[PDB]
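Accompanying notes for the structure given below.
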Amino acid sequence: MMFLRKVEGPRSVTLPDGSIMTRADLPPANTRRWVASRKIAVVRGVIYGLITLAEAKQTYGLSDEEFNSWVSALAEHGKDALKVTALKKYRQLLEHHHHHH
């Protein structure tokens, strides 16, 4: 089962403004203490780095409102609610990824 994203060598993803993080620092739903950086790392890590919210909800979904509260903290400006960086990208990307030339 191969994916369109050839990622393995990089090992770490870069968040829009949050440096690089690996697939090892991901809170495996359990975790111990969910701190701000810890929570924000989940939403940015799963959505921007690894998988879709389908898997991120089944694995890292914990409580749906809880997950929303992380995104809400990352939103700040909620007029459009779609202009949220992590969500806008996860939404816009589905409509034409790019075009390699």
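Residues in the sequence shown are numbered consecutively from 1248, following our numbering. Ideal Cβ positions, reconstructed from N, Cα and C, are used throughout, including at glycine.
- Message: Suppose you measure from the CA of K1286 to the CA of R1270; what does that come to, to the nearest Å?
- Response: Start at 1 with the first residue of the sequence shown, and residue 1286 comes out as number 39. Start at 1 with the first residue of the sequence shown, and residue 1270 comes out as number 23. Spanning the two alpha carbons is a distance of roughly 15 angstroms.
- Task: Let me know if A1301 comes out buried or exposed under the rule of 16 or more other beta-carbons within 10 Å of its beta-carbon.
- Result: Residue mapping note: residue 1301 aligns to position 54 of the sequence shown, counting from 1. With fewer than 16 Cβ atoms within 10 Å of its Cβ, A1301 is classed as exposed.
- Query: Mind pulling the alpha helix (DSSP H) runs of 4 or more residues that sit fully within the region 1267-1339?
  - Reply: Counting only runs of 4+ residues, the alpha helix (DSSP H) found wholly inside the region 1267-1339 occupies 1283-1291, 1300-1305, 1311-1322 and 1332-1339, in chain order.
- Query: Does the count of Cβ pairs from the region 1271-1279 and the region 1304-1315 closer than 8 angstroms reach three?
  - Reply: Yes, the region 1271-1279 touches the region 1304-1315.
- Query: According to DSSP, what are the bridge partners of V1260?
  - Reply: Mapped onto the sequence shown, residue 1260 falls at position 13. Under DSSP, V1260 shares a beta bridge with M1268.
- Buried versus exposed, by CB contacts within 10 Å (16 or more), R1338: The residue labelled residue 1338 in the question sits at position 91 within the sequence shown. Looking at its Cβ environment, which holds fewer than 16 other Cβ atoms inside 10 Å, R1338 is exposed.
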